[PDB]
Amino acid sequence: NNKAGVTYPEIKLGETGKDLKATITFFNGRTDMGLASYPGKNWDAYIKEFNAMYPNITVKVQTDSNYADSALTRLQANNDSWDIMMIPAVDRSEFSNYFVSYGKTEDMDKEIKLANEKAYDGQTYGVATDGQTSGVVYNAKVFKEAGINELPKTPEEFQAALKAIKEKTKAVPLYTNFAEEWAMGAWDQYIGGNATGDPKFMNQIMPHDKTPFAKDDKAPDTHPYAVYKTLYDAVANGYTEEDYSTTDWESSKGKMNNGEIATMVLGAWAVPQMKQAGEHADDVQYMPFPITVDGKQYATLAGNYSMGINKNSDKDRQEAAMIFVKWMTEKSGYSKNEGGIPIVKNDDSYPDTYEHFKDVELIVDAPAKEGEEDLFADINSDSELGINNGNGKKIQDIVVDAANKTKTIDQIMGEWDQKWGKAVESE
(Lines of atoms letter the chains of each structure in order from A and count residues from 1; the text may use other names and numbers.)
(Lines give C-alpha, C1' and ligand atoms only; values in the text may rest on other atoms or scores of the structure.)
Protein backbone atom coordinates (compact mmCIF):
# COMPACT_ATOMS: atom_id res chain seq x y z
CA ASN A 1 0.00 0.00 0.00
CA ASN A 2 3.05 2.17 -0.70
CA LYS A 3 1.96 5.60 -1.87
CA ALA A 4 5.49 6.96 -2.35
CA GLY A 5 6.77 3.78 -4.00
CA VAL A 6 9.86 4.08 -1.81
CA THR A 7 10.75 0.71 -0.30
CA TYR A 8 12.96 -0.12 2.67
CA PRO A 9 15.84 -1.73 0.68
CA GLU A 10 15.95 1.37 -1.47
CA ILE A 11 16.34 3.82 1.44
CA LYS A 12 19.80 5.38 1.73
CA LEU A 13 19.88 6.87 5.23
CA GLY A 14 20.98 10.48 5.20
CA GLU A 15 20.15 10.83 1.49
CA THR A 16 16.68 9.48 0.81
CA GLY A 17 13.86 11.74 1.93
CA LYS A 18 16.17 14.57 2.91
CA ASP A 19 13.71 16.92 1.17
CA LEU A 20 10.75 15.82 3.32
CA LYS A 21 9.19 18.09 5.91
CA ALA A 22 6.65 16.11 7.93
CA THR A 23 5.53 15.22 11.42
CA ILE A 24 4.93 11.52 12.13
CA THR A 25 3.36 9.81 15.13
CA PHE A 26 4.85 6.66 16.70
CA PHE A 27 2.36 4.68 18.81
CA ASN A 28 3.77 1.98 21.08
CA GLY A 29 3.43 0.26 24.44
CA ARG A 30 6.67 1.44 26.00
CA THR A 31 4.95 3.78 28.40
CA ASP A 32 8.09 3.70 30.54
CA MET A 33 10.13 5.15 27.69
CA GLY A 34 7.64 8.00 27.22
CA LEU A 35 8.62 9.33 30.64
CA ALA A 36 11.43 11.74 31.49
CA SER A 37 12.36 9.44 34.40
CA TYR A 38 13.08 6.36 32.25
CA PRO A 39 16.30 5.01 33.82
CA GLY A 40 17.90 4.68 30.42
CA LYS A 41 17.62 6.02 26.91
CA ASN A 42 14.00 7.11 26.38
CA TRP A 43 12.19 7.83 23.13
CA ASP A 44 13.13 11.52 22.98
CA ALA A 45 16.81 10.67 23.33
CA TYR A 46 16.53 8.41 20.30
CA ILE A 47 14.50 10.93 18.36
CA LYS A 48 17.05 13.66 19.07
CA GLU A 49 19.69 11.40 17.56
CA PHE A 50 17.48 10.64 14.56
CA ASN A 51 17.01 14.40 14.03
CA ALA A 52 20.78 14.90 13.72
CA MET A 53 20.41 13.03 10.40
CA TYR A 54 16.79 13.96 9.57
CA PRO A 55 16.08 17.30 11.26
CA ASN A 56 12.91 18.03 9.26
CA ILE A 57 11.21 14.74 10.13
CA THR A 58 9.50 15.45 13.44
CA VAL A 59 8.73 12.27 15.33
CA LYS A 60 6.15 12.34 18.12
CA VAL A 61 5.37 9.41 20.40
CA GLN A 62 2.13 8.24 21.92
CA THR A 63 2.00 5.33 24.35
CA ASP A 64 -0.74 3.31 25.97
CA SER A 65 -1.00 0.75 28.70
CA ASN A 66 -2.96 -2.35 27.75
CA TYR A 67 -1.38 -1.82 24.36
CA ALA A 68 -2.57 -5.13 22.96
CA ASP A 69 -6.17 -3.95 23.05
CA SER A 70 -5.59 -0.22 22.50
CA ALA A 71 -3.76 -0.87 19.22
CA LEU A 72 -6.57 -3.09 17.97
CA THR A 73 -9.02 -0.33 18.84
CA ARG A 74 -6.79 2.20 17.07
CA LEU A 75 -6.84 0.10 13.89
CA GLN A 76 -10.63 -0.08 14.04
CA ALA A 77 -10.68 3.73 14.28
CA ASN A 78 -9.33 3.72 10.71
CA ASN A 79 -7.77 7.17 10.79
CA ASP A 80 -4.50 9.11 10.66
CA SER A 81 -3.76 9.53 14.37
CA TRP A 82 -0.70 7.29 13.94
CA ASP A 83 1.90 6.55 11.27
CA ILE A 84 3.94 3.85 13.00
CA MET A 85 2.50 1.42 15.53
CA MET A 86 3.61 -1.84 17.04
CA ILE A 87 1.60 -4.39 15.09
CA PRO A 88 -0.96 -6.00 17.44
CA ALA A 89 -2.63 -9.42 17.16
CA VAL A 90 -3.66 -9.02 13.54
CA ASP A 91 -3.70 -12.16 11.41
CA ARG A 92 -1.13 -12.38 8.61
CA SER A 93 -3.81 -12.48 5.93
CA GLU A 94 -5.02 -9.08 7.12
CA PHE A 95 -1.74 -7.16 7.19
CA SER A 96 -2.32 -5.68 3.71
CA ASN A 97 -5.66 -4.36 5.02
CA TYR A 98 -3.87 -2.09 7.50
CA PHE A 99 -0.17 -1.65 6.85
CA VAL A 100 2.25 -0.49 4.17
CA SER A 101 4.56 -3.13 2.72
CA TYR A 102 8.28 -2.58 3.24
CA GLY A 103 9.11 -4.55 0.09
CA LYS A 104 9.30 -8.10 -1.16
CA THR A 105 10.10 -10.52 1.63
CA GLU A 106 12.98 -11.93 -0.42
CA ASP A 107 14.51 -8.45 -0.61
CA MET A 108 13.85 -7.63 3.06
CA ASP A 109 15.45 -10.97 4.06
CA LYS A 110 18.82 -9.60 2.93
CA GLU A 111 18.31 -6.55 5.18
CA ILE A 112 16.71 -7.75 8.43
CA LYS A 113 16.24 -10.83 10.54
CA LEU A 114 12.76 -12.32 10.64
CA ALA A 115 11.61 -10.83 7.36
CA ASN A 116 8.84 -13.46 7.03
CA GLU A 117 7.49 -13.06 10.58
CA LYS A 118 5.15 -10.14 9.90
CA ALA A 119 4.69 -10.96 6.24
CA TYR A 120 2.03 -12.29 3.87
CA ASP A 121 2.20 -13.52 0.31
CA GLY A 122 5.79 -12.49 -0.25
CA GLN A 123 5.55 -9.00 1.28
CA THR A 124 6.91 -7.85 4.63
CA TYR A 125 4.66 -5.57 6.69
CA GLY A 126 6.58 -5.49 9.97
CA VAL A 127 10.15 -4.91 11.17
CA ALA A 128 10.85 -6.10 14.71
CA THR A 129 12.30 -3.55 17.08
CA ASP A 130 14.70 -6.32 18.10
CA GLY A 131 15.09 -10.07 18.35
CA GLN A 132 13.64 -11.70 21.44
CA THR A 133 13.83 -14.89 23.41
CA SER A 134 11.76 -15.93 26.45
CA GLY A 135 13.30 -17.20 29.65
CA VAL A 136 13.27 -16.47 33.38
CA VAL A 137 14.36 -13.25 35.08
CA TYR A 138 15.81 -14.08 38.51
CA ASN A 139 17.66 -12.45 41.38
CA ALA A 140 21.05 -14.18 41.70
CA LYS A 141 21.63 -12.78 45.21
CA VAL A 142 18.37 -14.38 46.35
CA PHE A 143 19.44 -17.57 44.58
CA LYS A 144 22.73 -17.56 46.51
CA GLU A 145 20.99 -16.95 49.84
CA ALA A 146 18.85 -20.04 49.13
CA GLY A 147 21.80 -22.32 48.44
CA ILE A 148 21.17 -22.49 44.69
CA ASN A 149 24.55 -22.36 42.93
CA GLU A 150 23.53 -23.73 39.52
CA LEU A 151 20.51 -22.82 37.44
CA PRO A 152 17.56 -25.23 37.21
CA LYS A 153 17.24 -26.69 33.72
CA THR A 154 14.17 -28.95 34.16
CA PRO A 155 10.72 -28.39 35.70
CA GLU A 156 11.53 -30.52 38.76
CA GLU A 157 14.81 -28.64 39.32
CA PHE A 158 12.89 -25.40 38.96
CA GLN A 159 10.31 -26.34 41.58
CA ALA A 160 13.07 -27.53 43.92
CA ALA A 161 14.68 -24.10 43.41
CA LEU A 162 11.40 -22.40 44.34
CA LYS A 163 11.12 -24.66 47.39
CA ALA A 164 14.58 -23.60 48.54
CA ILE A 165 13.86 -19.89 47.91
CA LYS A 166 10.69 -19.98 49.98
CA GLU A 167 12.35 -22.01 52.74
CA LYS A 168 15.58 -20.03 53.15
CA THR A 169 14.62 -16.53 51.96
CA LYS A 170 11.85 -13.97 52.25
CA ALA A 171 11.56 -13.43 48.47
CA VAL A 172 8.33 -14.29 46.72
CA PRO A 173 9.63 -17.35 44.82
CA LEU A 174 7.74 -16.64 41.56
CA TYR A 175 5.55 -13.58 40.88
CA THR A 176 2.77 -14.27 38.40
CA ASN A 177 1.69 -10.77 37.40
CA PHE A 178 -1.70 -12.40 36.99
CA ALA A 179 -3.35 -8.97 36.77
CA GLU A 180 -1.52 -8.22 33.51
CA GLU A 181 -3.10 -10.26 30.75
CA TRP A 182 -0.06 -9.84 28.48
CA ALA A 183 2.15 -11.09 31.29
CA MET A 184 0.02 -14.21 31.59
CA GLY A 185 -0.28 -14.67 27.84
CA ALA A 186 3.49 -14.62 27.60
CA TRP A 187 3.52 -18.23 28.84
CA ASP A 188 2.51 -19.14 25.29
CA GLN A 189 5.98 -18.04 24.19
CA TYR A 190 7.70 -21.08 25.66
CA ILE A 191 5.67 -23.92 24.15
CA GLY A 192 7.34 -24.36 20.76
CA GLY A 193 11.08 -24.34 20.29
CA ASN A 194 11.84 -23.87 23.97
CA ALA A 195 9.73 -26.88 24.99
CA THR A 196 10.49 -29.21 22.08
CA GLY A 197 13.76 -28.10 20.46
CA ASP A 198 11.90 -28.45 17.14
CA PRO A 199 11.60 -25.39 14.89
CA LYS A 200 8.71 -27.10 13.05
CA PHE A 201 6.49 -27.62 16.13
CA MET A 202 4.65 -24.29 16.16
CA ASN A 203 3.65 -23.79 12.52
CA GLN A 204 3.87 -27.34 11.11
CA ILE A 205 3.08 -29.86 13.85
CA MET A 206 0.51 -28.04 16.00
CA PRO A 207 -1.90 -27.32 13.09
CA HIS A 208 -1.82 -31.09 12.32
CA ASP A 209 -2.08 -32.35 15.91
CA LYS A 210 -5.29 -32.79 17.88
CA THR A 211 -3.60 -32.94 21.25
CA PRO A 212 -0.52 -30.68 21.29
CA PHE A 213 -1.16 -29.91 24.96
CA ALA A 214 -1.19 -33.49 26.25
CA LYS A 215 1.68 -34.74 28.39
CA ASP A 216 4.42 -36.41 26.33
CA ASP A 217 4.94 -39.71 28.13
CA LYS A 218 8.23 -40.32 26.28
CA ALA A 219 9.53 -37.02 27.74
CA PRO A 220 7.02 -35.69 30.24
CA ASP A 221 9.17 -32.64 31.18
CA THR A 222 9.09 -31.34 27.61
CA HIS A 223 6.38 -30.04 25.20
CA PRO A 224 3.66 -27.49 25.90
CA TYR A 225 2.28 -29.51 28.80
CA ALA A 226 5.47 -29.08 30.82
CA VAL A 227 5.42 -25.33 30.28
CA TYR A 228 1.96 -24.78 31.65
CA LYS A 229 2.51 -27.37 34.40
CA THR A 230 5.42 -25.26 35.65
CA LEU A 231 2.97 -22.38 36.25
CA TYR A 232 0.36 -24.74 37.70
CA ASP A 233 2.87 -26.23 40.11
CA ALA A 234 4.38 -22.93 41.20
CA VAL A 235 0.92 -21.74 42.25
CA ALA A 236 -0.37 -25.02 43.67
CA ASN A 237 2.80 -25.71 45.65
CA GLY A 238 2.43 -22.31 47.31
CA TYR A 239 5.48 -20.69 45.66
CA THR A 240 3.78 -17.59 44.21
CA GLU A 241 2.45 -14.33 45.62
CA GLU A 242 -0.16 -14.49 48.38
CA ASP A 243 -2.85 -12.66 46.36
CA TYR A 244 -2.79 -13.11 42.61
CA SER A 245 -5.62 -10.64 41.99
CA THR A 246 -3.59 -7.69 43.23
CA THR A 247 -0.32 -8.10 41.35
CA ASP A 248 1.29 -4.92 40.04
CA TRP A 249 3.68 -4.83 37.10
CA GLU A 250 5.55 -1.57 37.57
CA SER A 251 6.30 -2.25 41.23
CA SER A 252 7.38 -5.85 40.44
CA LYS A 253 10.38 -4.45 38.58
CA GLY A 254 11.65 -2.87 41.75
CA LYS A 255 10.85 -5.92 43.83
CA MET A 256 12.88 -8.15 41.49
CA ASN A 257 15.75 -5.67 41.67
CA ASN A 258 15.67 -5.61 45.51
CA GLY A 259 15.31 -9.32 46.03
CA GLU A 260 11.74 -9.37 47.20
CA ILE A 261 10.84 -11.40 44.09
CA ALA A 262 13.11 -14.26 43.13
CA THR A 263 11.82 -15.22 39.66
CA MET A 264 9.50 -13.96 36.91
CA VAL A 265 8.78 -15.80 33.66
CA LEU A 266 9.43 -13.17 31.02
CA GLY A 267 11.37 -12.46 27.83
CA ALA A 268 14.83 -10.94 27.58
CA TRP A 269 13.30 -7.51 26.95
CA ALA A 270 12.39 -7.46 30.64
CA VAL A 271 15.93 -7.82 32.01
CA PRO A 272 17.26 -4.28 31.49
CA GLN A 273 13.96 -2.79 32.73
CA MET A 274 14.43 -4.59 36.04
CA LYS A 275 18.20 -4.12 36.18
CA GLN A 276 17.45 -0.38 35.93
CA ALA A 277 14.57 -0.38 38.42
CA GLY A 278 16.87 -0.26 41.38
CA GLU A 279 20.43 -0.08 42.58
CA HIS A 280 21.12 -3.83 42.36
CA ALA A 281 21.30 -4.23 38.57
CA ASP A 282 23.96 -6.94 38.81
CA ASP A 283 21.72 -9.25 40.89
CA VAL A 284 19.07 -9.28 38.11
CA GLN A 285 19.96 -12.05 35.67
CA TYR A 286 18.35 -14.03 32.88
CA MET A 287 18.16 -17.80 32.61
CA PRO A 288 16.81 -20.23 30.03
CA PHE A 289 13.37 -21.49 30.77
CA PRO A 290 14.00 -24.73 32.68
CA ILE A 291 13.23 -27.35 30.06
CA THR A 292 15.83 -29.76 28.65
CA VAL A 293 15.34 -31.84 25.52
CA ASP A 294 17.75 -34.81 25.19
CA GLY A 295 20.44 -33.11 27.20
CA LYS A 296 20.07 -29.74 25.42
CA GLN A 297 18.32 -26.44 26.00
CA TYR A 298 16.68 -24.39 23.28
CA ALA A 299 15.14 -20.96 22.93
CA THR A 300 12.80 -19.77 20.22
CA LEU A 301 14.09 -16.68 18.46
CA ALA A 302 11.15 -14.48 17.54
CA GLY A 303 10.56 -10.79 17.15
CA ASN A 304 9.72 -8.28 19.78
CA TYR A 305 6.75 -6.08 18.70
CA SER A 306 7.16 -5.16 15.04
CA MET A 307 6.90 -1.66 13.61
CA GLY A 308 4.06 -1.29 11.11
CA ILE A 309 3.18 1.74 8.98
CA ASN A 310 -0.36 3.14 8.50
CA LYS A 311 -1.74 2.83 5.02
CA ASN A 312 -3.97 5.78 5.90
CA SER A 313 -0.96 8.05 6.26
CA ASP A 314 -0.22 10.31 3.30
CA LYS A 315 2.64 9.82 0.87
CA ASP A 316 5.11 11.98 2.82
CA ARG A 317 4.37 10.45 6.21
CA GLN A 318 4.58 6.88 4.91
CA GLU A 319 8.08 7.54 3.55
CA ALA A 320 9.19 9.49 6.63
CA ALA A 321 7.95 6.59 8.77
CA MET A 322 9.83 4.02 6.67
CA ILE A 323 12.95 6.16 7.01
CA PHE A 324 12.45 6.26 10.77
CA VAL A 325 12.00 2.50 10.97
CA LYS A 326 15.15 1.91 8.95
CA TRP A 327 16.99 4.32 11.25
CA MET A 328 15.74 2.44 14.30
CA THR A 329 16.91 -0.81 12.76
CA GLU A 330 20.32 0.20 11.43
CA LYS A 331 21.34 3.10 13.65
CA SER A 332 19.57 3.59 16.94
CA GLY A 333 21.23 0.90 19.02
CA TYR A 334 17.86 0.28 20.66
CA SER A 335 18.28 -3.50 20.62
CA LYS A 336 21.52 -3.10 22.54
CA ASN A 337 19.97 -1.13 25.40
CA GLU A 338 16.65 -2.98 25.65
CA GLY A 339 17.91 -6.55 25.91
CA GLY A 340 17.41 -7.18 22.19
CA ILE A 341 19.00 -9.20 19.40
CA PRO A 342 19.87 -6.75 16.60
CA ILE A 343 17.58 -6.99 13.61
CA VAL A 344 20.06 -5.95 10.96
CA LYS A 345 20.33 -9.28 9.19
CA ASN A 346 24.02 -10.15 9.54
CA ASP A 347 24.73 -8.34 12.78
CA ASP A 348 25.95 -11.23 14.94
CA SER A 349 26.34 -9.22 18.15
CA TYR A 350 24.23 -9.80 21.26
CA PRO A 351 23.99 -7.98 24.59
CA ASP A 352 25.32 -9.31 27.87
CA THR A 353 21.70 -10.30 28.53
CA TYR A 354 22.54 -13.76 27.15
CA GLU A 355 25.55 -14.65 29.27
CA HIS A 356 23.84 -17.77 30.69
CA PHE A 357 22.86 -18.93 27.17
CA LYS A 358 26.26 -20.04 25.90
CA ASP A 359 25.05 -23.64 25.59
CA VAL A 360 21.50 -22.78 24.39
CA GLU A 361 20.47 -23.26 20.78
CA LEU A 362 18.34 -20.36 19.58
CA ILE A 363 15.94 -21.53 16.85
CA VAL A 364 13.61 -19.41 14.73
CA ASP A 365 10.27 -21.12 14.14
CA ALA A 366 9.95 -22.78 10.73
CA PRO A 367 7.23 -21.29 8.54
CA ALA A 368 4.09 -23.18 7.64
CA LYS A 369 4.28 -25.84 5.00
CA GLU A 370 3.85 -24.31 1.57
CA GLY A 371 0.12 -23.71 1.20
CA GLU A 372 -0.80 -23.65 4.91
CA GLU A 373 0.36 -20.12 5.78
CA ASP A 374 -3.07 -19.47 7.33
CA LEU A 375 -3.82 -22.92 8.85
CA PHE A 376 -2.39 -22.24 12.31
CA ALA A 377 -4.07 -18.82 12.55
CA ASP A 378 -7.46 -20.23 11.53
CA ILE A 379 -7.23 -23.09 14.04
CA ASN A 380 -6.18 -20.65 16.73
CA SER A 381 -9.22 -18.51 15.92
CA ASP A 382 -11.74 -21.34 15.88
CA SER A 383 -10.42 -22.86 19.10
CA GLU A 384 -10.37 -19.45 20.80
CA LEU A 385 -7.20 -20.45 22.63
CA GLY A 386 -5.39 -17.43 21.21
CA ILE A 387 -1.99 -19.12 21.36
CA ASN A 388 0.64 -16.39 21.30
CA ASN A 389 -2.15 -13.96 20.37
CA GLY A 390 -2.71 -12.18 23.68
CA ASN A 391 -5.26 -14.53 25.27
CA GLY A 392 -3.97 -14.34 28.83
CA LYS A 393 -7.35 -15.21 30.29
CA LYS A 394 -6.79 -18.92 29.58
CA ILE A 395 -3.54 -18.59 31.58
CA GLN A 396 -5.25 -16.72 34.41
CA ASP A 397 -7.67 -19.64 34.60
CA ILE A 398 -4.75 -21.99 35.37
CA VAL A 399 -3.64 -19.77 38.26
CA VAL A 400 -7.18 -19.75 39.63
CA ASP A 401 -7.63 -23.45 38.98
CA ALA A 402 -4.31 -24.26 40.67
CA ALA A 403 -4.81 -21.97 43.67
CA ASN A 404 -8.34 -23.31 44.28
CA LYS A 405 -7.66 -26.99 43.45
CA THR A 406 -10.75 -27.21 41.26
CA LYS A 407 -8.91 -28.83 38.35
CA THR A 408 -5.70 -30.74 37.68
CA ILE A 409 -3.27 -29.50 35.02
CA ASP A 410 -4.24 -32.56 32.98
CA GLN A 411 -7.94 -31.64 33.04
CA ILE A 412 -7.02 -28.16 31.81
CA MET A 413 -4.75 -29.41 29.03
CA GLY A 414 -7.34 -31.96 27.99
CA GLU A 415 -9.89 -29.19 27.74
CA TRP A 416 -7.50 -27.19 25.56
CA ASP A 417 -6.94 -30.33 23.46
CA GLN A 418 -10.68 -30.73 22.88
CA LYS A 419 -10.99 -27.14 21.69
CA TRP A 420 -7.83 -27.33 19.60
CA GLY A 421 -8.56 -30.70 17.99
CA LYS A 422 -12.09 -29.66 17.10
CA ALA A 423 -10.65 -26.58 15.37
CA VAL A 424 -8.04 -28.75 13.62
CA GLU A 425 -10.80 -30.89 12.16
CA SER A 426 -12.84 -27.84 11.11
CA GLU A 427 -10.00 -26.45 8.99
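The first residue of the shown sequence is 1; numbering continues from there.
Entry-level comparison of average CA B-factors, 40 to 48 and 370 to 378, reporting the higher stretch:
According to the entry, 370 to 378 carries the higher average C-alpha B-factor.
Per the entry, higher mean C-alpha B factor between 203 to 211 and 141 to 149:
The stretch with the larger average C-alpha B-factor is 141 to 149.
For the listed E330, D221, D314, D294, which has the peak Cα B-factor recorded in the PDB entry?
It is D221.
Which one of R74, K168, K345, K336 shows the top CA temperature factor in the record?
Answer, based on the entry's C-alpha B-factors: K168.
When the modelled residues of the chain are sorted by Cα temperature factor, does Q396 land in the lowest, middle or highest third?
For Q396, the deposited C-alpha B-factor lands in the middle third.
Just say lowest, middle or highest third for the CA B-factor of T58 relative to the other modelled residues in its chain.
According to the entry, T58 has a C-alpha B-factor in the chain's lowest third.
Lowest, middle or highest third: which one holds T247 when the chain's residues are ordered by CA B-factor from the entry?
Its C-alpha B-factor belongs to the highest third of this chain's values.
Lowest, middle or highest third: which one holds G308 when the chain's residues are ordered by CA B-factor from the entry?
It belongs to the middle third of the chain when residues are ordered by C-alpha B-factor.
What third of its chain's C-alpha B-factors does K110 belong to: lowest, middle or highest?
Its C-alpha B-factor belongs to the highest third of this chain's values.
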